[PDB]
Structure formats: C-alpha cells, structure tokens
Amino acid sequence: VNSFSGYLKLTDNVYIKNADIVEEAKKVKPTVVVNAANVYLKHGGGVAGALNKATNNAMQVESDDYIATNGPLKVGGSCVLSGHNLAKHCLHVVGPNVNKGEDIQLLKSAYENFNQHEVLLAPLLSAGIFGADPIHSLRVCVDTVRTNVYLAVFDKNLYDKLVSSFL
Ligand SMILES: O[C@@]1(CNc2ncnc3[nH]ccc23)CCC[C@@H](C(F)(F)F)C1
Ligand SMILES: [Cl-]
C-alpha cells in the first residue's frame with residue numbers, strides 16, 4: 001500500500017491520473033519523481049522547467065555541478081539526483097526529442113531506467129515539447145516498465161484521450 005490517490009489502474013503495475021506532476025510530488029513526496037530531462041540537464045521548460053521552478057532553482061544548481069563533473073547524459077539514459085522539496089530522489093530520464101530528430105526507438109531504452117526503482121511518479125516520456133505521440137509513449141511504458149509507475153498527465157483533454165484509447 002502506498003499514498004497515491006485517485007489513479008486509474010491500467011495494468012498490474014501502471015496507474016494514470018490527470019494531475020500536475022509538481023503538485024502531485026509536493027503532496028505525496030514519493031521516493032522517486034521522474035524528470036523529463038535533456039542530456040544537458042538544462043531544465044528550461046516542459047515538465048523539467050516546472051519541476052525546477054518548484055525547487056527554487058536548486059535542481060538546476062545541482063544539475064550543473066553534475067554535468068561539470070560527468071558530462072552529458074545519453075539519449076535513453078538517466079541519472080539519480082536529489083528530489084529536493086519534491087521527493088527523496090529525482091530520476092532524470094532522457095527520452096528522445098522528436099523536434100531534434102532523435103530516434104524514437106530510444107524511448108524503450110529511456111523507460112527501462114524506471115525498472116531500477118520499485119515505485120515512481122512520472123510523466124509520459126517524450127510527450128509534450130519532446131514531440132512524440134503520447135499514446136505511443138503510454139504503450140511503450142506499459143510494455144517496458146515492470147515496476148510500479150504512477151503517471152501524471154497534466155492535460156485533462158490528453159488524459160481523457162489516453163484512457164479511452166488504451167488497449
Ligand atoms: O503530461 C504531459 C507532460 N507534461 C507534464 N506532465 C505532468 N505534469 C506537468 N507539470 C508541468 C508539465 C507537466 C505529457 C505530454 C503532453 C504534455 C502537455 F502538457 F503538452 F499536454 C503533458
Ligand atoms: Cl511538456
């Protein structure tokens with residue numbers, strides 16, 4: 001039993017809710033919140049920009065030190081950093097950004113990072129400003145993640161379409 005509330009159950013382990021992931025994380029304080037990161041951990045917009053703003057830019061400061069030490073992530077890769085005031089940990093995961101021409105096949109690799117964590121709060125990877133089809137992203141999530149994932153979908157119109165089209 002965990003403290004996530006109001007989610008629809010898609011599968012044994014995948015759960016979905018119309019919610020602002022920032023407000024969800026502040027309420028639940030999960031062990032792991034997933035960020036829709038880029039390889040540079042530049043958290044300018046989308047989910048990443050919103051999560052960073054909620055940390056008063058502390059996420060960006062930590063991220064800049066990480067990059068200065070380790071260099072950029074791989075597309076499809078991840079790193080674990082602090083969750084600041086939002087969660088114990090933030091798993092920064094880089095899904096392909098279609099608006100940069102990045103291979104959508106790397107989306108499965110991106111979701112595989114979730115399997116290293118027993119429970120996660122997460123957005124749909126490569127959705128929103130990353131330019132992929134969120135219906136496809138949900139399918140890859142369900143077919144790749146085996147651990148317990150609680151998906152927050154900010155857009156109510158998108159949330160309703162994802163449920164009604166889910167096979
Ligand atoms: O959930 C989506 C990712 N973005 C977010 N998800 C959850 N909390 C959030 N807070 C701020 C941003 C955000 C999935 C792709 C479409 C995207 C869009 F807004 F464009 F419709 C919504
Ligand atoms: Cl977005």
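Start at 1 and go down the list; that is how both ligands and their atoms are numbered. Numbers for residues simply follow the sequence, beginning at 1.
Evaluation of the ring pair (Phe, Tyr, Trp, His ring centres under 6.0 Å) test over residues 144-167, restricted to residues two or more places apart or in two chains, returns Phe4-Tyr150, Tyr7-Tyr150, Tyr15-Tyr150. Legend: side-chain hydrogen bond (donor to acceptor under 3.5 Å, both in side chains) pairs involving residues 93-109, not counting sequence neighbours, sorted by first then second residue: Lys108-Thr144.
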Anything under 3.5 Å between an N or O on ligand 1 and a protein N or O? List each pair with its distance, or write none.
residue, atom, partner, partner atom, Å
ligand 1, 1 (O), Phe154, N, 3.3
ligand 1, 8 (N), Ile21, N, 2.9
ligand 1, 10 (N), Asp20, OD1, 3.2

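Note that the CD1 atom of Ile67 and the CG atom of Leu73 stand 5.5 Å from one another [nearest 0.5 Å]. The NZ atom of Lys26 sits 8.0 Å away from atom CG of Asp20, with the distance rounded to the nearest 0.5 Å.
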Can you give the donor-acceptor pairs under 3.5 Å from side chains of residues 85-96 to other protein atoms, not counting sequence neighbours?
residue, atom, partner, partner atom, Å
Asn85, ND2, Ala54, O, 3.0
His92, ND1, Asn35, ND2, 3.0

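Contact annotation: the side chain of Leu107 approaches that of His136 to within less than 4.5 Å [non-hydrogen atoms, C-beta and beyond].
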